[PDB]
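For reference, the chain that follows is the form deposited in one PDB entry, supplied as C-alpha cells.
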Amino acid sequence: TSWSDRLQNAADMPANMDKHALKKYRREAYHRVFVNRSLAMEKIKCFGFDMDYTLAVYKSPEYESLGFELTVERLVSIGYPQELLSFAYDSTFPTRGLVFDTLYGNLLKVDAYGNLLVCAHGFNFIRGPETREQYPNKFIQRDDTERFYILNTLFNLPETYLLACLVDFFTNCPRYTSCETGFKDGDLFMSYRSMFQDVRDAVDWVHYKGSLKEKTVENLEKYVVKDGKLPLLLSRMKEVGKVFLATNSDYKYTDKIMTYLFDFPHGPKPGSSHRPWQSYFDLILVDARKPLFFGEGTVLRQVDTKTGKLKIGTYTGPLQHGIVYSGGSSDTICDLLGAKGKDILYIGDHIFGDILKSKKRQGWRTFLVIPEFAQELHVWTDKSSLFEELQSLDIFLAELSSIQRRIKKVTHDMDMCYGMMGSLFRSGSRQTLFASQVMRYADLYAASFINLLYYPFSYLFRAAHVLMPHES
C-alpha cells in the first residue's frame, strides 16, 4: 500500500457534511490539518493552489516509474550504456529531500544544520567512521550549490533512485575504474558531477520535450488520483472567498488534467449539474515560473483558450470573466483580487520553493500538502513504541557503552520501516532538513488539502507559542 493508495481510498469515500460526523472525522490523524503557526480561517479571503502534486496527485509508484523509465531511455538515447535498460524503479529506496554530493557521488540525508544522518554510495550504506574519510566533520555546507543538489520535489524521486543505480552500475562494471570523484575508462573520465548533470538534463528533457505528459494524459486513471470531494471543497471555498490557480504548467496540460479532475457526472455534490473546472476559479494563471513569480516574475500574458497559444502583447487590462493569464507575478494576484498577502492561503507541495518563497517574499499564509504523509503517518503510529523506546534510551544515556549500540540498532530498525532512506522527517531521534523547513514555513500541513473540508468556515487553527529557554 503506497501513499497514493491511501489518498485514493479516502478519495473514494463520499462527504458526510453533518457537523458531528465532520468533528468525528478530523479527530483521526489521517484527516487532520496539523498547525505550526496559529491561523484564523475567518481572515483568509483568497485560497490559491498549485496543480501538480497538489490538485493533481500522481499515483505511486506508477508515475515515478514512468518518469524513471523515460529518463533511462533518454540517457541511453544520448549514449549511456544499454545495461541501463535493465534497471527498474524501486520505490523502497528513495526518500524525498536527499542531497546528491557531486564531488564523491553520495546520497546524503542531513539535518537542518547539514549534519550527516545517512550516507549511501550507490547501494552501499556507509557507516559512521568510514564517513569521516570524506566528511571529516560529518557535515556539509548545503548552500554550496555548485557541489550539492537537494532533491526536494516528488519529481526528483526517480532521479534519486537513478543516481544510486548509476553509481552502483559503474562501480561494478569491469570496464570502469572507480576513482574518488568519478570513473575512468582509459582516456575518458566521467566525473560524478558530469553524470549528475546528464541525469538532471535528462529528467528536464523528459518533462519538457519528451513523452511524459503525453503518456500521462493518455491514461489518467492509471496516473492521477481523482476525488469527488475536490469540487465540493473548492465550491465551499468560493462561498467565503476568492479561489485562484497559479501553476508552472502550460494551459494545454493544465486543461487536460483539470478536466479529468472534475470529470464526474455531477458538479460540487451528487445530483448537482456538472460545471467546467474553470468555473471554480476567480483567477487562473499558468506558466507561472515560480519561484521567480514571487519576485519580479515575467511579463503578464493572456492565453487564447481556443488555441492554447498566447495572445500577442502584454496584458494591461482588468480581471475579467473567462480570461486565463500566463506569467505575471505574485503581485498580479494581489492586484487583481484586491488581496494583501495575509489574506491569502496558498496551497502547494513545493516546500523549498512555493511555500518558503511565498512566505518569505510576500507574507502569504501557507498550507503544505505532503503526499507521502498518508503513508508516513501509518508507519509513525504503528511504530510509536520504537520511537518511545528511543526517547527513553536518549534520556537514560544523558543522565549517565552498551546503551549507544542499542540506540544505533533501534534507530536502524525504526528507519527501515519507512524505506531504505528512512522517514521524510527524521532518522531516529534526529529531524531532517525537510522536517525543519516544514515547521518553519508551512503554517498548516497535511497529506492532502482535502482535509480542510472537515473544518468549519471560520475555524481557528491553534499552535502553542514558542518560548526561549530562559523564558520557559
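Residue numbers here begin at 1 and follow the sequence given.
Omitted from view is the form solved in complex with a small molecule, to which the following refers.
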Open item on the list: Under a 4.5 angstroms heavy atom criterion, identify the one residue in 362, 326, 91, 152 near the small molecule in the entry with it bound.
Closed with: 152
TODO: Would you kindly say which of 33, 420, 70, 435 lies with a heavy atom within 4.5 Å of the small molecule in the entry with it bound?
DONE: 420
Open item on the list: Quick check for you: of 162-170, 336-344, 187-195, 118-126, which stretch puts a non-hydrogen atom within 4.5 Å of the small molecule in the entry with it bound?
Closed with: 118-126
Open item on the list: Contact with the small molecule in the entry with it bound for residue 408, defined as at least one heavy atom pair within 4.5 Å: yes or no?
Closed with: yes
Open item on the list: When the contact criterion is heavy atoms within 4.5 Å, does residue 29 count as touching the small molecule in the entry with it bound?
Closed with: no
Open item on the list: residue 142 versus the small molecule, in the entry with it bound: is there a non-hydrogen atom within 4.5 Å?
Closed with: yes
- [ ] Using the partner position in the entry with it bound, report whether residue 356 sits within 4.5 Å of the small molecule, counting heavy atoms only.
- [x] yes
